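Here PDB author numbering runs 1 ahead of the position in the sequence shown, where the first position is 1.
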Amino acid sequence: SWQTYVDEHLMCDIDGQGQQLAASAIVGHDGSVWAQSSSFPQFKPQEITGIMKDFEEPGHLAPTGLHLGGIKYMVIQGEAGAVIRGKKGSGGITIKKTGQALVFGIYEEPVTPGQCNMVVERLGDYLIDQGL
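So this is what it looks like as structure tokens:
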């Protein structure tokens, strides 16, 4: 199906298989969902607007926190205009910007930052190399 293909060939695939602890998504710059893991949260349009703004001005979200699905993440050091990172509890969030889209990964213990980040980098490079 489309969603098994998404869960298998694209989104964070942490053992379970697909245990609820890790989730990822590809979201257009305009806030439309291109693909998301079965566990990925619903999010609000203005959360995407604020994230896009932080890619233009890194640290835009730091005083208020970064919100996704209503959850507040503390902004940490990222890569200006390319990657946003945030922490919450035992996990966090990584967002990579591509030409037309954003790649999200959300993780919690025992999923590690490195595990999630490897998937987010992989999907972002795949999109960028397709021209997206």
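Cβ atoms here follow ideal geometry from the backbone N, Cα and C, with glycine treated the same way.
About 5 angstroms separates the beta carbon of residue 112 from that of residue 22, a gap short enough to meet the 8 angstroms contact definition. Between residue 117 and residue 106, the C-beta spacing is below 8 angstroms. Its chain contains 56 as the residues whose beta carbon lies nearer than 6 angstroms to that of residue 82, once the 5 sequence neighbours on both sides are disregarded; these appear in chain order. Every alpha helix (DSSP H) stretch that sits fully inside the segment 25-85 and reaches 4 residues is listed by chain position as 46-57. At a Cβ-Cβ threshold of 8 angstroms, residue 33 and residue 8 do not count as neighbours.
By the 16-neighbour rule on beta-carbons within 10 angstroms, residue 26 is buried. Cα atoms of residue 28 and residue 36: separation of roughly 7 angstroms, rounded to the nearest angstrom. For the pair residue 73 and residue 125, the Cα-to-Cα distance works out to about 23 angstroms. Considering only 70, 89, 131, 104, the residue with the shortest C-alpha distance to residue 77 is 89. Under the three-state reduction of DSSP, residue 132 is assigned to coil, being neither helix nor strand. For residue 7, the uninterrupted alpha helix (DSSP H) run begins and ends at 3-10, by DSSP. DSSP places residue 90 outside any beta strand (DSSP E), giving it a letter other than H or E.
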